[PDB]
Each structure stands twice: as structure tokens, then as C-alpha cells.
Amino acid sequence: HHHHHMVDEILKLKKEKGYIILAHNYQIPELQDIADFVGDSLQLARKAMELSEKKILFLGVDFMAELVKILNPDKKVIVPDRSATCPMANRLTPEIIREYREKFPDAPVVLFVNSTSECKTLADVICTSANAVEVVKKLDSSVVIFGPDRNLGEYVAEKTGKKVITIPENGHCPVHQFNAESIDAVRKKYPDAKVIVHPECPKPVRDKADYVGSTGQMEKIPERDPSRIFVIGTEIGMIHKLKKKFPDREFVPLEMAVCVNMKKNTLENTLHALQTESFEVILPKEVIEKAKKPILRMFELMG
């Protein structure tokens, strides 16, 4: 295979230099295939608490790389592209969080994992798409401040019956803005297919799906649902993941949806990262100390 040179050297350098490679489900297939662990944000966060390797190469976006670092302050965490980020986070700021705390006195602040580490220092609890409902359900409050994703917060409100105040204004993931007409059309094309969508999708898409869940939840659905065809409403990288796990099922994208930031990582720049052991993820010690609290609370509210 024509990529063999990069694949072979990545595997050699990872072993020689003592790295574990963690990747998100939206990474390109070629990178998923060289990673030691590929999962959703919650699975990556849990893996980050467990792993023993002294050095971590993380393949995803910066806020998750930083979460890995927060949980492993004394390990070296590197990423191949230091600009890979989630655009939804930048609109959420400390000033907005403090404004809303005052506006809603005793409402806990629940931040989605795609948020700056600075913002996480101000959060009561972190969540991911997988556990947001569970986290908010278990909190001792009928009102929560939630951000940055409005769709996820609205889904949480539905599922919990609680008041969810979303910050900032119109925070959303462009990748998951499918139109529900795509579900109508695929219902006609494949009448027995099951439609699985991400909770970051807008409400009419969520409401027309058979299942709503994180990418890790999506991967578990075929363990219990014997359907021959699944239609997948999330970023295109998950198709490869699902097809690998379940070669005897068919996975159809709801629409083509690409996260440009997730695609910044390539075989070439991942090789360069292992050659140079760059770019290290570095945070102020104060940020680690403060942000770890709501991250650890997330795990306390699950189990």
C-alpha cells in the first residue's frame, strides 16, 4: 500500500518513544487505523484517567487534548496540528458564564467538553454528548446553565424535564445541522433502515430518528438492534468506525458532513509529530488544578 512508509514509521516511532496514540472517531480512517485507542469524547476522557504510558499522542481537537493533559499533568501530551479546535467554543467566554451565574443565582454551570480549558475552570461539571442527560438529571437543581451547544442543552431539557439556559447565543455545531427532509428521503429509500443521529443535531432531526446518541452510543446500537442498514447523522469519520466494527451491516451517511478541524490531522503531520515529539499541550498549573474539579465531578455523577 502506497501509505506504507508513513504507517510503518509511525508504528516504529510510537513503540520506540513510548507513546500511546488516542484518536477521536472523527479522525480520518488512516489515522484511526494507526491509533491504539479510538473512541468518543467520554471514552477518551475515561481512557485518559486509566492509561499508564508516559507520553500520549492525541488525535482530535485541542479542547479534548487539553482535557487529557488536565487528567495527566505530569505526562507529555502532543498533537500534530496545534490549530485543530472546535469553533463552537470561542463564543463562550468567562464573562458570559459570570453574567449568567448572576442572572440565575444558584443554577449550576454545566459545560460540554468542547469548551476552552479556561471556561472549564469556571464550570460546576463537565459533560459530553453521551452523559449530558445523566449528569443534569442527577444534579440537585431544576435549572442549569449549559453551553456551548444549544441543541445538546435543549435535548437535555427534554430528557430531564429541567430548565436549561443555553450560552452563548445560538451556539451550535455546523457539522450536525442536517435537515430532517434527509430522514424523510432515506425512509422512502430504505424503509427498514434504522436512523441514528447525534444529539448536536437540531430537534426536528432528533425527533425523526430511531436513536439519538453520542458516537460511542452509536457504536453500541448494533449490539442490540439487528437491523441490516443504519443511517448515520454525524460526522463522516464515524462511518469508517462503524463499518470496521460491524462489517456485516450497511452504514449510510444521512448527509456528507465533514469537520474541517478534525481533518487537520494527517498521516504526514502525525509522522512529523512522532519524529519531533511536538506539539506539546501545555497549560498553566492553576488551570489544571481548577479545571480538574468539574471533570472529576462528571465521573462522580455517573458512578
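Heads up: residue numbers just count along the shown sequence, starting at 1.
Q: Quick one: say whether 132-140 or 149-157 has the higher mean Cα B-factor in the deposited entry.
A: So the stretch with the higher mean C-alpha B-factor is 132-140.
Q: Higher average CA B factor in the deposited record is what I'm after, so tell me if that's 24-32 or 247-255.
A: Mean C-alpha B-factor is greater for 247-255.
Q: Of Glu223, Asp124, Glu118, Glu181, which one's C-alpha B factor is largest in the deposited record?
A: Highest CA B-factor of the listed options: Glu181.
Q: Which of these has the highest Cα B-factor in the record: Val197, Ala89, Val77, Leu71?
A: In the PDB entry, the greatest C-alpha B-factor among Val197, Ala89, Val77, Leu71 is found at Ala89.
Q: Considering every modelled residue of the chain and its Cα B-factor in the PDB entry, is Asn114 in the lowest, middle or highest third?
A: It falls in the middle third of the chain.
Q: Among the modelled residues of its chain, does the C-alpha B-factor of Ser83 lie in the lowest, middle or highest third?
A: It belongs to the lowest third of the chain when residues are ordered by C-alpha B-factor.
Q: Considering every modelled residue of the chain and its Cα B-factor in the PDB entry, is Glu50 in the lowest, middle or highest third?
A: Answer is highest: the recorded C-alpha B-factor places it there.
Q: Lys14's Cα B-factor: lowest, middle or highest third of the chain?
A: Lowest third.
Q: Taking the values exactly as deposited, rank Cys201 by C-alpha B-factor within its chain and report the matching third: lowest, middle or highest.
A: Middle third, going by the recorded CA B-factors of the chain.
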